[PDB]
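To start, the structure under review is shown below, and the notes come after it.
All Cβ positions, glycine included, derive from the backbone under ideal geometry; neighbour counts span all protein chains shown. FYI, it's all coordinate maths here, none of it is from the lab.
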2 protein chains.
Amino acid sequence: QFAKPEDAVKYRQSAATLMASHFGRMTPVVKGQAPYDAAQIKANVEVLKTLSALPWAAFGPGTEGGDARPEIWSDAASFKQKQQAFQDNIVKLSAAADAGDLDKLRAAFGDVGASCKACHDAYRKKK
Amino acid sequence: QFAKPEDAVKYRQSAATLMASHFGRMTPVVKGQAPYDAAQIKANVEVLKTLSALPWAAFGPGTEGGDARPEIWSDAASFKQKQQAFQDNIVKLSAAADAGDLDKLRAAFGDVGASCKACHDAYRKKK
Ligand code: HEC
Ligand code: HEC
């Protein structure tokens, strides 16, 4: 869907921006600094689930740019493993949210964050 | 969910970027220049539906910035009417996609595009 590689870069960066907001806005809730409303979090995690499927199709070969490290394309299987494992972690977060289980939510939230970081550490250029 | 107004601006611009990609990527399909696969379009419109609900909460009072025109906040009811009417147009597009009806899809797609433009004309600053 991208006329030029720059369009893929802009897309995946915007998807990431939205993921960071929908993930990060739950930090106060999982810390107990903001109240836990199960329906609110269920709905937010459903947005995050949709968003968290979106970046990967925007790393389609030849879309080097931005802060993607080159290793994404040359090790396609390993990058796919990491995005699939991340989306798996999002499924666990969805299950916790859908159950209204705050303890499971906290644990799942931590695992998701670790998965974001693990991918960035391997595949995102430093600043 | 925004620490500063700049964060709301970045969010709503990124949401718009994704909406433009998910809407605009169907142009060749509605023109017949690309093939029509009903399942593909159904899934894409479901992404667009999720995305098209997201910008509005990121124009929460005092978030002047970016290319929002000031009129968004001082005429809250009129801006709300336009976003709700736009989301209505997205419901029509969803119905067409879910029905697998290409003629209804074309018509709905045009109405959605007109709704995007009508809001920009009133509420987005020129370049
Ligand atoms: C690999 C499987 C990733 C996972 C899992 C997550 N992210 Fe990511 N992210 C990844 C890459 C390769 C890039 C660089 C994209 C580019 O072309 O520049 C990013 C980028 C981000 C950013 C920065 C976006 C920008 O402003 O330019 C953010 C804020 C970000 N990613 C957030 C994020 C979160 C919150 C994640 C888990 C919920 C997450 N990413 C997972 C690769 C991967
Ligand atoms: C009002 C109810 C709007 C509707 C409906 C749509 N858009 Fe919009 N859009 C709106 C505003 C006020 C702004 C400016 C945001 C800011 O703070 O700068 C925008 C912006 C865009 C952009 C530019 C994003 C950027 O790169 O900075 C795009 C590409 C965009 N909008 C696309 C878009 C599409 C495709 C829409 C219908 C499917 C649509 N917008 C509707 C307000 C409104």
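Check A:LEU51, A:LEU18 and return the single one that is within 15 Å of the chain's Cα centre (by Cα), more than 16 Å from ligand 2 (Cβ to nearest atom) and assigned to a helix (DSSP H, G or I). A:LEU51 is the lone residue from the list that is within 15 Å of the chain's Cα centre (by Cα), more than 16 Å from ligand 2 (Cβ to nearest atom) and assigned to a helix (DSSP H, G or I). Just one of the listed residues (B:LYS92, B:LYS82, B:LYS104, B:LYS42) is away from every other protein chain (no Cβ under 14 Å), within 8 Å of ligand 2 (Cβ to nearest atom) and part of a helix (DSSP H, G or I), namely B:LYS82. Being in contact with a helix residue (DSSP H, G or I) (Cβ under 6 Å, 6 or more places away or on another chain) and within 13 Å of chain B (Cβ to nearest Cβ) is not true of A:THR63. Step by step: first the residues of the stretch A:1-15, then only those that are of a type in the set (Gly, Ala, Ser) and touching a residue at least 24 places away in the same chain (Cβ under 8 Å), then the one that is nearest to the other protein chains (Cβ to nearest Cβ). Which residue is that? The selected residue is A:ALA15. Scanning the stretch A:61-75 for residues that are away from ligand 1 (no atom under 12 Å from the Cβ) and either within 18 Å of the chain's Cα centre (by Cα) or in a helix (DSSP H, G or I) (or both) yields one hit, A:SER74. Note on the stretch B:23-39: among residues that are closer than 18 Å to A:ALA58 by Cα and surrounded by fewer than 21 Cβ atoms within 10 Å (Cβ to Cβ), the one that is farthest from the other protein chains (Cβ to nearest Cβ) is B:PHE23.
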